[PDB]
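Enquirer: One structure follows; several queries about it will come next.
Reconstructed Cβ throughout: ideal geometry from the backbone, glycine too, with neighbour counts over all protein chains shown. What follows is calculated from the coordinates using simple rules that are stated; it is not laboratory data.
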Amino acid sequence: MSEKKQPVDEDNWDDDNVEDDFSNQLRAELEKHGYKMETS
Amino acid sequence: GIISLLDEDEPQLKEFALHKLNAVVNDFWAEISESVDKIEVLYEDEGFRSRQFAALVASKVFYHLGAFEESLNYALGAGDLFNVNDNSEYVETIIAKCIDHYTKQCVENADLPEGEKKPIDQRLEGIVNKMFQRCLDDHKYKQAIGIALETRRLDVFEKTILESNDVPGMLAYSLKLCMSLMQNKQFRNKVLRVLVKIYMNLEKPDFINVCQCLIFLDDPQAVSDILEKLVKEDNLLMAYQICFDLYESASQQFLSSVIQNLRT
Amino acid sequence: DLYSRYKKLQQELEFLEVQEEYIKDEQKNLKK
Amino acid sequence: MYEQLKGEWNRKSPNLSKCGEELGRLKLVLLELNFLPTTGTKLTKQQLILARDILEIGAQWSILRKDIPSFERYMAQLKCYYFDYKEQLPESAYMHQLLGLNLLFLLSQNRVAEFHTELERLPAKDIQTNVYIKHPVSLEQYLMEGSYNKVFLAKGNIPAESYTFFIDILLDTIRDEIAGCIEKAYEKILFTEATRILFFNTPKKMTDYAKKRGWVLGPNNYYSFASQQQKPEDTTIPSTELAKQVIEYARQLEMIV
Amino acid sequence: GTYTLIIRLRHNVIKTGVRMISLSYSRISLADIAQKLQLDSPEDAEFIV
Amino acid sequence: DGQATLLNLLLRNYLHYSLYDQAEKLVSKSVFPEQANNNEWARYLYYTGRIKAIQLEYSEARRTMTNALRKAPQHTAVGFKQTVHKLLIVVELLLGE
């Protein structure tokens, strides 16, 4: 059983949705506020 | 790629096409399968040098599509170049069309051939008795006894009672077959009345089959006729089994009907 | 023989056809 | 060597009395040897390289007379000659600029599935080389999105050859395009912007579109007519189709099948 | 063996952009969306929309 | 089973050398063998799934991509499942979802 005749060759999902929205945005969003204190 | 050259108006390019539409007909069968079907255009275009070959390659190409009536009408309209080849894997493809459609046509022609009869092609009936001569000439007669029933034709069956096969009891046990597999009365009595006249025109006239057929047939005079042939022959020992199979297996009303033809 | 091998074998197709219609009838008749 | 042709092919003989003897000359190629792959006698190519050059120039002058249906006859024969895996010319100065020219006219023929199918043909010739045939796939690629002025920049860059017969159908396919999608939520536009986006400043072609459709000639005005009110608010068509579908529920709900 | 299908995704990319921004903002200049979508051209920002 | 395996094994380089032949597989009567032993049917729906994928019929493709995915066994050597796992959401990226 479980042969595959071969012609050719939680812990993760809510985290993965965090990656889905915040994939690469504001990773170290810690000092940008203190950088906007003088510009804003 | 030879699909492109179909706007030439020199028809010699079209016969160059059907030169390529027959021999390698399987790999571009994928290519032109449903796309272009201009066989009828040059097949009906009076630039003929392509008509009597044109319906052949259509009858090749539509086959694995199915289209058994398409390649069947083109099989009839394909002429001499079609049926000339039987050394292939294609004669089995076409007699399964034409012979089957012929005999299921001849079921209707056993129903009503008189009035609104169908335009039977002479090849549609011609490969029937041609392949039937292949049956008679290829030594097989347990089938040649059979296709003669399949065509629903009496006189070819009466014809092949005298063939390269003999009659020991051959063509007599075939009525033991046909009595078992017999469908109705209408086809039954027709063959039944015509075989038992050559049974009387046989060298040794069998009596039990001509009695059995006649009680299967309701002829209250022919048994008085061959009964007159056995009084004229004058042997009651052979005027015996014709008569006690008659008394045993006949009806009371049938004997009361045949009795006048006996006493007169 | 070979000639009876097809006619007597479609004979049980005619004989075969009626029975599913029969159990089709008894399928509702045993309910009602 | 049965050649008959080698004098008048390179000089322009525009639809003169070379075409009939040319087609019957190709018939004389056909009477000698089929345009078949000729896998046997590979050495012999008089039927392949010479007759292929004759058939590609015969494909070439077909566009000069606007012979649209017989163009793809010769051209389809050329593509089926590059179907031949035999060692010949891998390509020439014609295989790109003629095969993707067929892609460029089919790109206009408004058949995008047949436009994409051919991409098995040249997998490596797409972007990594062959800029002249990268130009039609990037071109129709720009016709996919709302890229419009960049298409006119590709009308500023026709690098391979003239491509005029195809960029004029590309003119017309812009004409009906924004002749159609001029009808959008375009609140009011003066006689400058939508005027000079396409082609026409002030001929009576603006009367041809402004009176063919609406957007009536006004006081520097493109009239935004927009009703979009009549066809909604139907329960009845849902009360017919949906009343059908409720019975279609109840069939496969109670009745045994 | 899929690069010729990968190459056509930018249509869907700009559909994602115009659906995202068109859903998000309500009254935005067309001389902002081309720069935020790095389109380099506000003259066809009317045209993609 | 000559109805079945003779069409994937027909397909296997016709896809890799495909163009218009696909329409032949559209008009093919033998698309169905109606039973193909849970694996030839399964990869069969994939081999015809990439047909509609490459010839641009998207939404019809992705459902037989999914149906071709959900009919594969409980074995670990899964390179073709690596392929359909990729191509199955290639076309969904073509469809936005």
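Enquirer: Could you grab the pairs with beta carbons closer than 8 Å, sequence gap of 6+ or different chains, first residue in the stretch B:22-40 and over 22 Å from residue F:22 (Cα atoms) and more than 14 Å from chain F (Cβ to nearest Cβ), second one in a loop (DSSP other than H, G, I, E, B) and among the aromatic types (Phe, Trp, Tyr)?
Expert: none
Enquirer: Out of the residues in the stretch D:145-164 that are away from chain E (no Cβ under 14 Å) and buried (at least 16 other Cβ atoms within 10 Å of the Cβ), which is farthest from residue D:228 (Cα to Cα)?
Expert: Ranking the qualifying residues of the stretch D:145-164, first place goes to D:160.
Enquirer: A further question follows. Just checking, does the stretch D:218-231 include any residue being within 11 Å of chain E (Cβ to nearest Cβ) and part of a loop (DSSP other than H, G, I, E, B)?
Expert: Scanning the stretch D:218-231 turns up no residue that is within 11 Å of chain E (Cβ to nearest Cβ) and part of a loop (DSSP other than H, G, I, E, B).
Enquirer: A follow-up question, please. Consider residue F:91 carefully, then state whether it is assigned to a helix (DSSP H, G or I), within 14 Å of chain A (Cβ to nearest Cβ) and crowded, with 20+ Cβ neighbours inside 10 Å.
Expert: No: the conditions fail for residue F:91.
Enquirer: Suppose we keep only residues that are away from chain B (no Cβ under 14 Å), touching a helix residue (DSSP H, G or I) at 6+ places or on another chain (Cβ under 7 Å) and not in a helix (DSSP H, G or I) within the stretch F:1-42. Which one would you say is farthest from residue B:65 (Cα to Cα)?
Expert: Ranking the qualifying residues of the stretch F:1-42, first place goes to F:36.
Enquirer: Within the set of pairs 6+ apart or on separate chains, which have a first residue in the stretch F:43-62 that is within 11 Å of another protein chain (Cβ to nearest Cβ), a second that is aromatic (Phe, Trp, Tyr) and part of a helix (DSSP H, G or I), and C-beta atoms under 7 Å apart?
Expert: Cβ pairs passing all conditions: F:43/F:80.
Enquirer: Give the stretch B:29-64 a look and list any residue that's closer than 19 Å to residue B:88 by Cβ, hydrophobic (A, V, I, L, M, F, W, C) and either more than 33 Å from the chain's Cα centre (by Cα) or assigned to a loop (DSSP other than H, G, I, E, B) (or both), or say none.
Expert: B:29, B:62
Enquirer: Please indicate, with yes or no, whether at least one residue in the stretch F:23-40 is of a type in the set (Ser, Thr, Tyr) and closer than 30 Å to residue D:82 by Cα.
Expert: The answer is yes; a qualifying residue exists.
Enquirer: Can you find, within the stretch E:1-37, the residue that is surrounded by the most Cβ atoms within 10 Å (Cβ to Cβ) among those that are part of a helix (DSSP H, G or I) and small (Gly, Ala, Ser)?
Expert: Residue satisfying both the conditions and the ranking: E:34.
Enquirer: Which numbered condition in (1) surrounded by 14 or more Cβ atoms within 10 Å (Cβ to Cβ); (2) within 14 Å of chain B (Cβ to nearest Cβ); (3) under 18 Å from the mean Cα position of the chain (by Cα) is the only one that residue D:27 fails?
Expert: That leaves (3) as the condition not met.
Enquirer: Follow-up question, since we're still on this one. Scan the stretch B:49-89 residue by residue and report those that are touching an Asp or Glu at 6+ places or on another chain (Cβ under 6 Å) and not hydroxyl-bearing (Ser, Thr, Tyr).
Expert: Matches in the stretch B:49-89: B:49, B:62, B:76.
Enquirer: Looking at the stretch D:82-92, is at least one residue crowded, with 20+ Cβ neighbours inside 10 Å, more than 14 Å from chain B (Cβ to nearest Cβ) and touching a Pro at 6+ places or on another chain (Cβ under 8 Å)?
Expert: Within the stretch D:82-92, none of the residues are crowded, with 20+ Cβ neighbours inside 10 Å, more than 14 Å from chain B (Cβ to nearest Cβ) and touching a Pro at 6+ places or on another chain (Cβ under 8 Å).
Enquirer: Looking at the stretch B:65-87, which of its residues are under 20 Å from the mean Cα position of the chain (by Cα), surrounded by 15 or more Cβ atoms within 10 Å (Cβ to Cβ) and assigned to a loop (DSSP other than H, G, I, E, B)?
Expert: Correct list: B:68 only.
Enquirer: Taking the criterion of being of a type in the set (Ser, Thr, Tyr), surrounded by fewer than 18 Cβ atoms within 10 Å (Cβ to Cβ) and either within 14 Å of another protein chain (Cβ to nearest Cβ) or not in a helix (DSSP H, G or I) (or both), would at least one residue in the stretch B:160-167 satisfy it?
Expert: Checked the stretch B:160-167: at least one residue is of a type in the set (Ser, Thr, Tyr), surrounded by fewer than 18 Cβ atoms within 10 Å (Cβ to Cβ) and either within 14 Å of another protein chain (Cβ to nearest Cβ) or not in a helix (DSSP H, G or I) (or both).
Enquirer: Can you name every residue in the stretch E:38-49 that is under 18 Å from residue D:141 (Cβ atoms) and either in a helix (DSSP H, G or I) or away from chain D (no Cβ under 12 Å) (or both)?
Expert: E:47, E:48
Enquirer: Give the residue, chosen from D:209, D:142, that is more than 11 Å from chain E (Cβ to nearest Cβ) and among the hydroxyl-bearing types (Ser, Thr, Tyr).
Expert: Sole residue among the options that is more than 11 Å from chain E (Cβ to nearest Cβ) and among the hydroxyl-bearing types (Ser, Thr, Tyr): D:209.
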